[PDB]
There are 2 protein chains.
Amino acid sequence: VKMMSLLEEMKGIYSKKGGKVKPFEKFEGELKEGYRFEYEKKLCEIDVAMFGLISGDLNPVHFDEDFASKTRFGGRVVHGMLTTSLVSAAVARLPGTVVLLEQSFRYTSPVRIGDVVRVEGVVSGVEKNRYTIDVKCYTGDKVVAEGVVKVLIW
Amino acid sequence: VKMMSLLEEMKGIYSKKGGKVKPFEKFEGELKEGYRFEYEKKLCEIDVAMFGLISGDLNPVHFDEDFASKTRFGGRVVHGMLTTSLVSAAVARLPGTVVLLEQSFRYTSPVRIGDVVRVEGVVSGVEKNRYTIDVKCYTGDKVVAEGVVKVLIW
């Protein structure tokens, strides 16, 4: 499989189905304790469908408008692990080669289909080349997830 | 957007590009302390490409064979949060309507493109309708991630 060709083909299909292609641009500055960054992306139907396919998570609460409307949520919600997948994208943009070591999140409020999710991170710890980062994910001013990740940076 | 039509279209494209469509079938039995379950799925190039598109995580270490071969990994690795996305799919299959509340994972060994990842879960805690589940993810006999999730079940 030629990955670069596959990605290019899928990018075209994704964009036609309403997906937002996020350019992969590294953040700037010296990484250190207190370093802050932010990253945001809209999560639309296509993102939810693709997440369901690749994970196998076809939970009706994320897909079936009528089913979800009868639940305590009163409508569909995006997978929590799709929301937090944006944190992977955010830390991947830090200077250097970044590898995820740990993640821990609590989901605080649902994300609805079409919502823009904003990740805000701050480096709270640096031990050798392992960076501990406090993270909150938002839709507008509302916290939708909060937690901590640790990454290795080469 | 008609989600059921979009999903169906994307399922066709996904399957043609090498993706494994996992049927969504609920697990059986009474949920309780000590309840065990398992779920597995292959993660191929298409899964990685789709995860990159929907998250915006286009980290070269997951995509560029030559770049990744020069790193300490000695070749591409699947996104850690793609590996653990299978845990969402696994808990979504528990009896009832399942909502993720918390997740925490440490990544222990890389997952390579094409690897089958197996999630093994066991309910360690039940408080009202909140279930705490110890989880390990494997490729063959090798632990690739370990942690805990909490879900709400209606």
# chains A, B, ... in the order shown; residues from 1 in each chain; ligands from 1

call {"tool": "residues_around", "arguments": {"residues": "residue 98 (chain B)", "least_positions_apart": "6", "cutoff": "8 Å", "atoms": "only C-alpha atoms", "output": "PyMOL selection string"}}
result
(chain A and resi 59) or (chain B and resi 91-92+151-154)

call {"tool": "write_last_selection", "arguments": {"atoms": "C-alpha atoms", "output": "mmCIF file, in the first residue's frame"}}
result
data_model
loop_
_atom_site.group_PDB
_atom_site.id
_atom_site.type_symbol
_atom_site.label_atom_id
_atom_site.label_comp_id
_atom_site.auth_asym_id
_atom_site.auth_seq_id
_atom_site.Cartn_x
_atom_site.Cartn_y
_atom_site.Cartn_z
ATOM 1 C CA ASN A 59 -23.140 3.098 19.180
ATOM 2 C CA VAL B 91 -17.556 -0.788 25.841
ATOM 3 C CA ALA B 92 -20.202 0.451 23.357
ATOM 4 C CA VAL B 151 -18.822 4.381 31.624
ATOM 5 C CA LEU B 152 -22.443 5.349 32.399
ATOM 6 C CA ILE B 153 -24.991 2.752 31.316
ATOM 7 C CA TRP B 154 -28.690 3.601 30.885
#

call {"tool": "closest_atom_pairs", "arguments": {"of": "chain B", "to": "chain A", "cutoff": "8 Å", "atoms": "only C-alpha atoms", "output": "Markdown table"}}
result
| residue | atom | partner | partner_atom | distance |
| --- | --- | --- | --- | --- |
| B:1 | CA | A:45 | CA | 7.5 |
| B:3 | CA | A:45 | CA | 6.6 |
| B:4 | CA | A:63 | CA | 7.6 |
| B:6 | CA | A:46 | CA | 7.4 |
| B:7 | CA | A:49 | CA | 5.6 |
| B:10 | CA | A:50 | CA | 7.5 |
| B:11 | CA | A:53 | CA | 7.0 |
| B:14 | CA | A:53 | CA | 7.7 |
| B:19 | CA | A:54 | CA | 7.5 |
| B:21 | CA | A:53 | CA | 6.6 |
| B:22 | CA | A:56 | CA | 5.3 |
| B:23 | CA | A:56 | CA | 7.5 |
| B:24 | CA | A:58 | CA | 6.2 |
| B:41 | CA | A:55 | CA | 7.8 |
| B:43 | CA | A:54 | CA | 7.6 |
| B:45 | CA | A:3 | CA | 6.6 |
| B:46 | CA | A:6 | CA | 7.4 |
| B:47 | CA | A:54 | CA | 5.2 |
| B:49 | CA | A:7 | CA | 5.6 |
| B:50 | CA | A:50 | CA | 6.4 |
| B:51 | CA | A:51 | CA | 7.0 |
| B:53 | CA | A:21 | CA | 6.6 |
| B:54 | CA | A:47 | CA | 5.2 |
| B:55 | CA | A:86 | CA | 5.0 |
| B:56 | CA | A:22 | CA | 5.3 |
| B:57 | CA | A:89 | CA | 3.9 |
| B:58 | CA | A:24 | CA | 6.2 |
| B:59 | CA | A:92 | CA | 5.8 |
| B:61 | CA | A:97 | CA | 7.6 |
| B:63 | CA | A:3 | CA | 6.7 |
| B:64 | CA | A:3 | CA | 7.8 |
| B:80 | CA | A:100 | CA | 6.4 |
| B:81 | CA | A:85 | CA | 6.4 |
| B:82 | CA | A:55 | CA | 7.5 |
| B:85 | CA | A:55 | CA | 5.6 |
| B:86 | CA | A:55 | CA | 5.0 |
| B:88 | CA | A:57 | CA | 6.4 |
| B:89 | CA | A:57 | CA | 3.9 |
| B:90 | CA | A:57 | CA | 7.5 |
| B:92 | CA | A:59 | CA | 5.8 |
| B:93 | CA | A:59 | CA | 7.7 |
| B:97 | CA | A:61 | CA | 7.6 |
| B:98 | CA | A:59 | CA | 7.9 |
| B:100 | CA | A:80 | CA | 6.4 |
| B:101 | CA | A:107 | CA | 5.2 |
| B:102 | CA | A:106 | CA | 4.3 |
| B:103 | CA | A:105 | CA | 5.5 |
| B:104 | CA | A:104 | CA | 3.9 |
| B:105 | CA | A:103 | CA | 5.5 |
| B:106 | CA | A:102 | CA | 4.3 |
| B:107 | CA | A:101 | CA | 5.2 |
| B:108 | CA | A:101 | CA | 7.6 |

call {"tool": "atom_distance", "arguments": {"atom1": "CA of residue 69 (chain A)", "atom2": "CA of residue 116 (chain A)"}}
result
21.1 Å

call {"tool": "atom_distance", "arguments": {"atom1": "CA of residue 34 (chain A)", "atom2": "CA of residue 141 (chain A)"}}
result
21.6 Å

call {"tool": "select_by_dssp", "arguments": {"residues": "region 71-111 of chain B", "states": "helix (DSSP H, G or I)", "output": "CSV table (one decimal) with N, CA, C and O atoms, in the first residue's frame"}}
result
chain,number,residue,atom,x,y,z
B,80,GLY,N,-1.4,6.1,19.0
B,80,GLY,CA,-1.9,5.5,20.2
B,80,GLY,C,-3.4,5.6,20.5
B,80,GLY,O,-4.1,4.7,20.8
B,81,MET,N,-3.9,6.8,20.2
B,81,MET,CA,-5.3,7.1,20.4
B,81,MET,C,-6.2,6.3,19.3
B,81,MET,O,-7.4,6.2,19.6
B,82,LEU,N,-5.6,5.9,18.2
B,82,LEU,CA,-6.4,5.0,17.4
B,82,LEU,C,-6.5,3.6,18.0
B,82,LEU,O,-7.6,3.0,18.0
B,83,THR,N,-5.4,3.0,18.5
B,83,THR,CA,-5.4,1.8,19.3
B,83,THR,C,-6.5,1.8,20.3
B,83,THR,O,-7.3,0.9,20.4
B,84,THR,N,-6.5,2.9,21.1
B,84,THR,CA,-7.4,2.9,22.3
B,84,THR,C,-8.9,3.3,21.9
B,84,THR,O,-9.8,3.1,22.7
B,85,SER,N,-9.0,3.7,20.7
B,85,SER,CA,-10.4,4.0,20.1
B,85,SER,C,-11.2,2.6,20.1
B,85,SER,O,-12.4,2.6,20.1
B,86,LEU,N,-10.4,1.5,20.0
B,86,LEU,CA,-11.1,0.2,20.0
B,86,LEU,C,-11.7,-0.1,21.4
B,86,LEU,O,-12.6,-0.9,21.5
B,87,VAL,N,-11.2,0.6,22.4
B,87,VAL,CA,-11.8,0.4,23.7
B,87,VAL,C,-13.2,1.0,23.8
B,87,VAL,O,-14.1,0.4,24.3
B,88,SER,N,-13.4,2.2,23.1
B,88,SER,CA,-14.7,2.8,23.0
B,88,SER,C,-15.6,1.8,22.3
B,88,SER,O,-16.8,1.6,22.7
B,89,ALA,N,-15.2,1.2,21.2
B,89,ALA,CA,-16.0,0.2,20.5
B,89,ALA,C,-16.4,-1.0,21.3
B,89,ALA,O,-17.5,-1.5,21.2
B,90,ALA,N,-15.5,-1.4,22.2
B,90,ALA,CA,-15.7,-2.6,23.0
B,90,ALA,C,-16.7,-2.3,24.1
B,90,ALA,O,-17.7,-3.0,24.3
B,91,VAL,N,-16.6,-1.1,24.8
B,91,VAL,CA,-17.6,-0.8,25.8
B,91,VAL,C,-18.9,-0.4,25.2
B,91,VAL,O,-20.0,-0.6,25.9
B,92,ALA,N,-18.9,0.1,24.0
B,92,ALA,CA,-20.2,0.5,23.4
B,92,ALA,C,-21.1,-0.8,23.2
B,92,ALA,O,-22.3,-0.7,23.1

call {"tool": "select_by_dssp", "arguments": {"residues": "region 4-154 of chain B", "states": "strand (DSSP E or B)", "output": "PyMOL selection string"}}
result
chain B and resi 36-42+98-107+116-127+130-139+142-153

call {"tool": "write_last_selection", "arguments": {"atoms": "C-alpha atoms", "output": "short mmCIF file (atom, residue, chain, number, x, y, z; two decimals), in the first residue's frame"}}
result
data_model
loop_
_atom_site.label_atom_id
_atom_site.label_comp_id
_atom_site.auth_asym_id
_atom_site.auth_seq_id
_atom_site.Cartn_x
_atom_site.Cartn_y
_atom_site.Cartn_z
CA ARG B 36 -15.30 -9.89 31.27
CA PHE B 37 -15.37 -9.10 27.58
CA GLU B 38 -13.05 -8.94 24.62
CA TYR B 39 -13.05 -7.27 21.21
CA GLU B 40 -10.47 -7.16 18.42
CA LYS B 41 -9.89 -5.37 15.13
CA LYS B 42 -7.07 -5.04 12.56
CA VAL B 98 -23.34 3.18 27.07
CA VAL B 99 -21.70 6.63 27.48
CA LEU B 100 -17.98 7.15 28.14
CA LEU B 101 -17.24 9.14 31.33
CA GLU B 102 -13.45 8.68 31.88
CA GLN B 103 -10.50 6.97 30.26
CA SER B 104 -6.87 6.65 31.25
CA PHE B 105 -4.24 4.70 29.34
CA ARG B 106 -0.49 4.19 29.29
CA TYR B 107 1.02 3.08 26.01
CA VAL B 116 -4.71 -6.93 15.09
CA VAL B 117 -5.35 -5.19 18.43
CA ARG B 118 -7.34 -7.11 21.10
CA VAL B 119 -9.06 -5.29 23.93
CA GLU B 120 -9.68 -7.26 27.12
CA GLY B 121 -11.89 -5.69 29.77
CA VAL B 122 -13.13 -6.65 33.24
CA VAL B 123 -15.60 -4.71 35.38
CA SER B 124 -13.76 -3.80 38.58
CA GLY B 125 -16.32 -1.37 40.06
CA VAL B 126 -20.07 -0.66 39.94
CA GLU B 127 -21.50 2.44 41.60
CA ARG B 130 -21.38 3.84 36.60
CA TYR B 131 -19.09 0.95 35.71
CA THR B 132 -15.28 1.09 36.20
CA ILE B 133 -13.52 -1.29 33.85
CA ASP B 134 -9.86 -2.41 33.87
CA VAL B 135 -8.64 -2.65 30.26
CA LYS B 136 -5.53 -4.09 28.49
CA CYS B 137 -4.94 -3.90 24.74
CA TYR B 138 -2.78 -6.55 23.08
CA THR B 139 -1.21 -7.49 19.80
CA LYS B 142 2.10 -8.41 23.91
CA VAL B 143 0.47 -5.61 26.00
CA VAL B 144 0.38 -2.41 23.92
CA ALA B 145 -1.80 -0.33 26.25
CA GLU B 146 -3.23 -0.63 29.76
CA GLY B 147 -5.61 1.46 31.79
CA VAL B 148 -9.10 2.00 33.12
CA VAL B 149 -12.32 3.42 31.75
CA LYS B 150 -15.55 4.48 33.48
CA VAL B 151 -18.82 4.38 31.62
CA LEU B 152 -22.44 5.35 32.40
CA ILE B 153 -24.99 2.75 31.32
#
